[PDB]
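Written below as structure tokens is the structure these notes are about.
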Amino acid sequence: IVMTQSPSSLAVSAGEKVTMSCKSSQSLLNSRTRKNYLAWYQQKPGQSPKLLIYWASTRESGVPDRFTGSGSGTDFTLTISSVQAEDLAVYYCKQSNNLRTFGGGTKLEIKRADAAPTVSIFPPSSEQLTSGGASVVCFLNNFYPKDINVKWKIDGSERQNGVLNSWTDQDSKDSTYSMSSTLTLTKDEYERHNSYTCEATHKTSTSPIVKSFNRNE
Amino acid sequence: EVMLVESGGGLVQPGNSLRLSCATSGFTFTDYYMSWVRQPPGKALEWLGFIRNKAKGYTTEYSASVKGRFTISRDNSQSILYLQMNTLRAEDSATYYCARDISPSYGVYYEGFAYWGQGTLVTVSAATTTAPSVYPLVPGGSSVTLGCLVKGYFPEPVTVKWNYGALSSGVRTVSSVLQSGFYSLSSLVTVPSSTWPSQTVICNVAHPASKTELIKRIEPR
Ligand SMILES: N[C@@H]1[C@@H](O)[C@H](OP(=O)(O)O)[C@@H](CO[C@]2(C(=O)O)C[C@@H](O[C@]3(C(=O)O)C[C@@H](O)[C@@H](O)[C@@H]([C@H](O)CO)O3)[C@@H](O)[C@@H]([C@H](O)CO)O2)O[C@H]1O
Ligand SMILES: [Mg+2]
């Protein structure tokens with residue numbers, strides 16, 4: 001049996017209603033038991049899937065009644081009356097009438113008020129320099145939306161090679177993002193210059209937030 | 001307390017085989033079907049197959065994609081489920097879960113996986129297993145942000161804990177990036193400037209692949 005979910009992902013503000021669809025190539029209604037063999041699983045980042053709904057509409061022990069499973073045959077829907085910060089997760093449907101098949105899943109993301117990041121810069125550590133390494137890290141903390149830009153400057157000149165960016169998942173508490181921009185150098189490249197600047201540009205402002213440090217310190 | 005614990009994950013060379021085990025307890029093992037589920041990084045869950053309960057004679061079934069390549073079995077005396085993975089390729093790189101399936105023959109019966117294991121990551125690569133280097137992130141206000149830069153490890157994953165798990169608030173761990181065959185990531189925590197360096201701040205970086213843990217005390221400059 002072929003399972004398909006929709007949407008692939010969507011974002012709604014806290015307190016809003018939400019709807020996800022699950023479709024199967026064959027009917028999941030078992031004429032013998034007269035139940036639909038379809039379950040809904042919740043999977044938060046870095047965690048194992050948790051059972052929420054089974055038999056299409058029965059809520060598992062402990063699951064809040066904000067979650068409601070509906071549908072029959074080949075058409076099914078998971079509904080969240082009011083979504084909150086805990087709901088950050090991917091939702092999978094699973095047929096179990098003929099073996100088992102998981103859907104593609106629906107990633108639920110949360111919209112929230114825009115927030116400016118708190119920007120910190122970190123000069124290379126002594127132990128890394130000792131091994132001939134030189135990583136410069138610029139950390140942008142608790143911002144929204146996710147899209148955000150960092151310009152690296154060395155002694156006034158922009159730098160693009162040796163830079164890597166990485167975001168956290170949407171925070172489970174306040175739904176914000178954080179990201180690090182690392183400039184990786186050799187101990188010798190690093191010691192050829194003094195001024196190290198990272199500039200964070202976010203929708204919250206025209207003027208970029210700037211953090212700097214001099215290697216002569 | 002029902003418990004499922006997968007084991008045996010790690011690095012496996014392309015073409016080779018691997019056997020995963022799923023230790024269980026807290027329930028009548030032989031009463032339950034047992035299923036294996038895998039999930040490639042950033043991808044959807046995939047049911048691989050199951051083995052039925054004692055009443056059904058422990059008969060096995062597998063998804064179309066793994067037929068003749070993955071095998072399931074169970075030690076009913078030790079309540080341990082197994083997964084035999086043969087001739088692995090990079091597409092097999094994923095997190096592998098064991099889940100308690102149905103028990104239609106005795107007790108409460110309902111369609112759904114009530115319990116899962118924490119899962120174990122399997123990654124198929126010809127690369128080298130190398131433990132990570134852990135470097136401190138410290139400033140050059142009322143609060144201070146510290147962190148730990150983790151570089152040059154393979155394969156995934158690494159877990160980072162602060163003060164051995166006692167420091168859990170204000171922690172931010174960014175996704176890992178792959179460059180030149182090696183992964184890196186940074187975990188940071190924000191604390192009141194009155195807490196550090198007046199008190200102790202440490203990060204514990206665990207790299208399951210090399211069975212290696214690293215502690216890194218955050219000292220002032
Ligand atoms: N078409 C027959 C039915 O007549 C018969 O029901 P009955 O005893 O009330 O007359 C079912 C019996 O169902 C079971 C049982 O012991 O109740 C359970 C079946 O379970 C699985 C399976 O093992 O493959 C797993 C389950 O999650 C679900 O997938 C069902 C599937 O929908 C059933 O069609 O299958 C299974 O173990 C069966 C045996 O195959 C019986 O032959 O017994 O069986 C139908 O074939
Ligand atoms: Mg069979």
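Which residues, taken from the stretch B:80-106, are more than 14 Å from every other protein chain (Cβ to nearest Cβ) and closer than 18 Å to B:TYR58 by Cβ?
Correct list: B:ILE80, B:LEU81, B:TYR82, B:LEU83, B:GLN84, B:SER105, B:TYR106.
Do we have A:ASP155 as surrounded by fewer than 21 Cβ atoms within 10 Å (Cβ to Cβ), more than 14 Å from chain B (Cβ to nearest Cβ) and at positive phi here?
yes
Yes or no: the stretch A:110-119 includes at least one residue that is under 20 Å from B:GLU111 (Cβ atoms), within 10 Å of another protein chain (Cβ to nearest Cβ) and in contact with a strand residue (DSSP E or B) (Cβ under 9 Å, 6 or more places away or on another chain).
No; the residues of the stretch A:110-119 include none that is under 20 Å from B:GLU111 (Cβ atoms), within 10 Å of another protein chain (Cβ to nearest Cβ) and in contact with a strand residue (DSSP E or B) (Cβ under 9 Å, 6 or more places away or on another chain).
Of the residues that make up the stretch B:64-79, is at least one more than 15 Å from ligand 1 (Cβ to nearest atom), surrounded by fewer than 18 Cβ atoms within 10 Å (Cβ to Cβ), within 12 Å of chain A (Cβ to nearest Cβ) and of a type outside the set (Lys, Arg)?
yes
Select, from B:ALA23, B:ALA44, the only residue that is in a strand (DSSP E or B), surrounded by fewer than 19 Cβ atoms within 10 Å (Cβ to Cβ) and under 17 Å from the mean Cα position of the chain (by Cα).
B:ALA23
Conditions (1) charged (D, E, K, R); (2) within 9 Å of chain B (Cβ to nearest Cβ); (3) within 16 Å of ligand 2 (Cβ to nearest atom); (4) within 23 Å of B:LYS43 (Cβ to Cβ), marked per residue:
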residue	(1), (2), (3), (4)
A:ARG32	yes, no, no, no
A:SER48	no, yes, no, yes
A:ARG59	yes, no, no, no
A:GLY62	no, no, no, no
A:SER81	no, no, no, no
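I'm trying to understand the selection: among the residues of the stretch B:177-189, which are within 9 Å of another protein chain (Cβ to nearest Cβ) and surrounded by fewer than 18 Cβ atoms within 10 Å (Cβ to Cβ)?
Those that are within 9 Å of another protein chain (Cβ to nearest Cβ) and surrounded by fewer than 18 Cβ atoms within 10 Å (Cβ to Cβ): B:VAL177, B:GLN179.
Pairs needed: first member in the stretch B:55-66, closer than 24 Å to B:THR30 by Cβ; second member anywhere, within 14 Å of ligand 2 (Cβ to nearest atom) and of a type in the set (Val, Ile, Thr); C-beta distance under 6 Å; at least 6 residues apart or different chains.
Once the first residue is closer than 24 Å to B:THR30 by Cβ and sits in the stretch B:55-66, its partners that are within 14 Å of ligand 2 (Cβ to nearest atom) and of a type in the set (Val, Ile, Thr) give B:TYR58/B:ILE51; B:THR60/B:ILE51; B:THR60/B:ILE72.
Using the structure shown, decide if B:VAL37 is within 16 Å of ligand 1 (Cβ to nearest atom) and assigned by CATH to the domain that holds B:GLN84.
yes
Taking only the stretch A:107-142 into account, find how many residues are buried (at least 16 other Cβ atoms within 10 Å of the Cβ), small (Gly, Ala, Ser) and under 28 Å from the mean Cα position of the chain (by Cα).
The number of residues fulfilling the criteria is 4.
Hey, could you check the stretch B:203-220 for residues that are buried (at least 17 other Cβ atoms within 10 Å of the Cβ) and closer than 19 Å to A:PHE139 by Cα and say which is nearest to the other protein chains (Cβ to nearest Cβ)?
My answer is B:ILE218.
B:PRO139: out of contact with any helix residue (DSSP H, G or I) (no Cβ under 8 Å at 6 or more places or on another chain), within 14 Å of chain A (Cβ to nearest Cβ), farther than 29 Å from B:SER93 by Cβ and in a loop (DSSP other than H, G, I, E, B), yes or no?
Yes; evaluated as a whole, the condition is true for this residue.
Which residue is surrounded by the fewest Cβ atoms within 10 Å (Cβ to Cβ), if the candidates are limited to the stretch B:47-63 and must be within 10 Å of chain A (Cβ to nearest Cβ) and more than 11 Å from ligand 1 (Cβ to nearest atom)?
B:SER63
With under 21 Å from A:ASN36 (Cα atoms), of a type in the set (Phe, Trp, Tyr), away from every other protein chain (no Cβ under 12 Å) and within 16 Å of ligand 1 (Cβ to nearest atom) as the only criterion, which of B:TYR110, B:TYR32 stands out?
B:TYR32
With the requirement that a residue be in a strand (DSSP E or B), polar (S, T, N, Q) and closer than 29 Å to B:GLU156 by Cβ, what does the stretch B:56-115 give you?
Hits for the stretch B:56-115 are B:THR71, B:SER73, B:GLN84, B:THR95.
All of this is worked out from the model, or read from it or from the source named; no laboratory read-out is quoted. Positions of Cβ are backbone-derived with ideal geometry, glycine not excepted, and every protein chain shown enters the neighbour counts.
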